[PDB]
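Single chain ahead, by itself, as structure tokens, in the form solved without the named molecule.
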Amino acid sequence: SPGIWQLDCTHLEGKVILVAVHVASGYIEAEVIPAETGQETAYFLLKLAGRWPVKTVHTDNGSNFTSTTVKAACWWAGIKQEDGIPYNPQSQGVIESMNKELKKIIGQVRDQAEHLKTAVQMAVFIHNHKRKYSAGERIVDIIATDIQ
């Protein structure tokens, strides 16, 4: 549970926002890319697993599940790559709701930055710091409890 993350890909301004959500906390990291390829998804997972103890990733679609580049980065970083099937259906709606929330945040900061990637990082910041404890607090508590 502390090591489980979900990939999610959403579209804005003709670009792709790739998101990794730490399932137990709601904590996110995200990046803007021109389009979702295995190459970009593999690089993004390497960055994520170098920063947090990523044990399991539920991939966002069958192309990234299949991708031999994604499989190679999962092997390299010690990550169990799984499918993203919402066997519990509440998962479908939870990701949908996060994409809407994120885009709503993005629209609240959009005029403060020239480039989409900056507005996405401001949104990552606002999402992780929002008290609901924040997601950022929750992930650190979860993983610290796991270490002890």
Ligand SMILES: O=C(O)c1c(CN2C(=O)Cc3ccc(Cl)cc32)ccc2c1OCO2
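The first residue of the sequence shown is number 1, and the count goes up from there.
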Length class of the unmodelled deposited segment, which would lie between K132 and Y133: 4 to 9
Between the two ranges 43-51 and 105-113, the one averaging a larger CA B factor in the entry: 105-113
Where do the C-alpha atoms have the higher mean temperature factor in this entry, in 81-89 or in 28-36? 81-89
Top Cα B factor in the deposited entry, candidates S97, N61, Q121, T69: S97
Ranked by Cα temperature factor within the chain, is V19 in the lowest third, the middle third or the highest third? lowest
Looking at the entry's B-factor column for C-alpha atoms only, identify whether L12 ranks in the lowest, middle or highest third of its chain. highest
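Not on display, but discussed next: the form solved in complex with the named molecule.
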Exercise: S97 in contact with the named molecule in the deposited complex, heavy atom 4.5 Å: yes
Do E101 and the named molecule share at least one heavy atom pair within 4.5 Å in the deposited complex? yes
Looking in the deposited complex, the residues of 6-22 with a heavy atom no more than 4.5 Å from the named molecule, listed in order, are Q6, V21
